[PDB]
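First, one chain by itself in structure tokens, the form deposited in one PDB entry.
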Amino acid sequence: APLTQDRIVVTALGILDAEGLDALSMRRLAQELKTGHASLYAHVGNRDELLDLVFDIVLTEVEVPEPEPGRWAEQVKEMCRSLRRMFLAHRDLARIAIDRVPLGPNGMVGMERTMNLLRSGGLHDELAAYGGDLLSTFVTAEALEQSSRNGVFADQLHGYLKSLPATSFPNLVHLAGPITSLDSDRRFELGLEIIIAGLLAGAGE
């Protein structure tokens, strides 16, 4: 097999999947591929450059539906859920993403389709452009937080808040559970609805 960018990225993604981001060093990479450092660099560049490629390669997993009449909110949700699923299937991938702009080949194609869908809901240019950005940021941040629970810290945070003097901190005592605790699924759906409802509001008539 000739060394290629795509072979390097497949191998890199496999290490990441089975061992996590910290295990993906260029030294480890070169060693797995049975190649030298110079070849590695020539094909993918430095570590951050390689991670840009590994991010783009997994974006094929995100499906943006073709717009349908009267289904805009559900379809935008379906797209955000597809992005969530991508992160949940690749450990530490949200760590790579939380940082980056999805402008590689698959990212471009996906952004074109995303913007098609968003504009189709009647969103003005700035709203469609910024709303795609906000939704992507939201999804990535939530996936990162879920991955961060994969304990008791959140539980000690609960006891602390619950035992505050209720006369001085009535809201923190009362909301002690929701503030510390929320299920990943429920917070994702809540945040997704909030952003979608607010985009619709901005769209107006």
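For the two forms, the rigid core is made up of the largest set of C-alpha atoms that agree within 1.5 Å on superposition. Residue numbers here begin at 1 and follow the sequence given.
From this point on, the text means the form deposited in another entry, which you will not see here.
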Out of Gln31, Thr60, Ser168, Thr137, the residue that alone shifts its CA by 2 Å or more between the shown form and the other one when the rigid core is the reference: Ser168
After core superposition, I'd like to know whether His158 moves between the shown form and the other one (criterion: C-alpha shift of 2 angstroms or more). yes
Would you tell me if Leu182 moves between the shown form and the other one by 2 Å or more at its C-alpha, with the rigid core held superposed? yes
